[PDB]
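Here is what each chain is made of, one letter per residue.
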Amino acid sequence: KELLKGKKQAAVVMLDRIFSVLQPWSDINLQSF
């Protein structure tokens, strides 16, 4: 269950990372998203 919680934490850090990718608004940024 601890590995699942670590996977969830890595998932939400990855989601925050791709939200930081979409922080500047451009076509290349959304294509990379």
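Caption draft 1: Local environment of the overall build of the chain. Counting its regular elements, the chain contains two helices and zero strands. When its C-alpha atoms are laid out on the principal axes, the chain stretches across 40 × 15 × 5 Å. Residues classed as buried in the chain amount to 6% of the 33 residues present. In the structure as shown, the chain presents an accessible area of about 3,200 Å², 66% of it carried by carbon and sulfur atoms.

Caption draft 2: Representation of the environment of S20 in the model. Assignment of secondary structure puts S20 in helix 1 (residues 2-21). Taking relative accessible area as the criterion, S20 reaches 46% and is therefore assigned partly exposed. Each C-alpha atom, one on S20 and one on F33, is 9.8 Å from the other, the two residues being 13 residues apart in sequence.

Caption draft 3: Up close: the side chain of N29. Residue placement: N29 occurs in helix 2 (residues 27-32). Not counting residues up to four positions away in its chain, the partners in contact with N29 are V21, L22 and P24.

What counts, and where the lines are drawn
- Residues numbered from 1 in each chain as written, not as in the entry; some residues may be left out.
- Part of a larger assembly, values for the part shown.
- Heavy atoms only, no water.
- Helix = DSSP H or I, 4+ residues; strand = E, 2+ residues; numbered from the N terminus.
- Buried < 20%, exposed > 50% of the residue type's maximum accessible area, 1.4 Å probe, protein only.
- Areas by Shrake-Rupley, 256 points an atom, 1.4 Å probe, with all protein chains shown as cover.
- Contact = heavy atoms within 4.5 Å.

The quantities given are spatial measurements derived from coordinates; they are silent on function.
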